[PDB]
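S.K.:
There are 2 protein chains.
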Amino acid sequence: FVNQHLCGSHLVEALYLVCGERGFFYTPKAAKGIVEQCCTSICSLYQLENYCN
Amino acid sequence: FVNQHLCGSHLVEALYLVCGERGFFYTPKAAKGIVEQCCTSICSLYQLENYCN
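In order, the protein sequence lines correspond to chains Y and B. Under the working numbering, the first residue of the first sequence is numbered -5, with each subsequent residue one higher. Under the working numbering, the first residue of the second sequence is numbered -5, with each subsequent residue one higher.
This is the structure in structure tokens:
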């Protein structure tokens, strides 16, 4: 579920599933942040975990 | 959708819907943080927005 284009609630859902009890931060307006890395291009577990606490 | 018990993906979904493009942080292990305020007791828009960026 992580190795695809993930946007909006689909992206937030992946962060929830990956980060578990650590939680995460979702900052879609951050330049070259998660939207560019996971929504406009293909996401990865490696990148998603950059956003777990 | 905000004025009820909200846990797990249901809570993350509400933060997504409320915070919009500001994004948010989801920190479930924070003592007296969002889990106590929105999951084990009834959530509110006022409290959810404390977690928007």
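From the three backbone atoms N, C-alpha and C, an ideal C-beta is built for every residue, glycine too.
#1: Between the stretch 5 to 30 of chain Y and chain B, which residues of the former have CB atoms less than 7 Å from a CB of the latter, in chain order?
#2: Tell me which residue opens and which closes the alpha helix (DSSP H) that Y/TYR40 is part of.
#3: Are the beta-carbon atoms of B/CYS46 and B/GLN(-2) separated by less than 8 Å?
#4: Using a C-beta cutoff of 8 Å, does Y/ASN44 count as contacting chain B?
#5: Leaving out five residues on either side along the sequence, give the residues of the same chain with a beta carbon under 6 Å from the beta carbon of Y/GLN31.
#6: So Y/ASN47 contacts chain B; which residues on that side make the cut at Cβ distance below 7 Å?
#7: Is the Cβ-Cβ distance between B/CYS33 and B/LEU9 less than 8 Å?
M.R.: This is what the structure gives:
#1: Cβ contacts with chain B come from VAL6, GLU7, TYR10, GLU15, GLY17, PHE18, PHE19, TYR20, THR21, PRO22, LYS23.
#2: Counting along the chain, the alpha helix (DSSP H) containing Y/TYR40 begins and ends at 39 to 43.
#3: Not a contact, by the Cβ cut-off of 8 Å.
#4: No, Y/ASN44 lies away from the interface with chain B (no Cβ there is under 8 Å from its Cβ).
#5: Within the same chain, Y/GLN31 has close Cβ partners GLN41.
#6: The contacting residues are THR21.
#7: In this structure, B/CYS33 sits away from B/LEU9, with a CB-CB distance that is not shorter than 8 Å.
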